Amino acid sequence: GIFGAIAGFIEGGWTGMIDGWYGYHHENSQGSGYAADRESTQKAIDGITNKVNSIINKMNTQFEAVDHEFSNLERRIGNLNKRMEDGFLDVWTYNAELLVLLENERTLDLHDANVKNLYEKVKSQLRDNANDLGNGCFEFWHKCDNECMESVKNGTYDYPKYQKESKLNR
């Protein structure tokens, strides 16, 4: 990726996160697991689906080649027809083949960005109440139960509460 996250300062993905494209893995005293971020996953499913359908929709016309015959005194128009029919075939073949190449590049970047932005959102809340650890993982300088985990995921963390334990554990 160009945003640097997927394969990656976050090397590798998660076969265990079954319900989304991007999300979270946590571990604390009550246990551990995987959980998708629904909002960003869904918003990406809608975008990519729209991209596919827009491409399908814009490509939805056809050049129609034709079976007409030509006499031995119509070599010139016969060949005009052939040169024309191959001409449009070459134009459309190019358009499709290049579009796919370009769009696949830009689709990987989009996913890469969405992962990066998720990571950055978490980073802004936590600040120095956690230690980065460089693989897209954060070690809390404090006790973070499930309610505190959901806190981080829904965007309502509360740095002031925890700044306490966090500083002295630091």
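The numbering used is simple: start at 1 and walk along the sequence shown.
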Response to the item:
Avg C-alpha B-factor, entry values, 130-138 vs 52-60, higher side is 130-138
Worksheet item: 153-161 versus 17-25: which one carries the higher mean Cα B factor per the record?
Response: 153-161
Practice prompt. From the list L110, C144, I45, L101, select the residue with the highest C-alpha B factor recorded in the entry.
Written response: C144
Worksheet item: What third of the chain, by the recorded C-alpha B-factor, contains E120?
Response: middle
Worksheet item: So where's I6 on the chain's Cα temperature factor ranking, which third?
Response: lowest
Fill in: Third of the chain, ranked by Cα B-factor, where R38 sits
highest
Worksheet item: Taking the entry's C-alpha B-factors for this chain, is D67 in the lowest, middle or highest third?
Response: highest
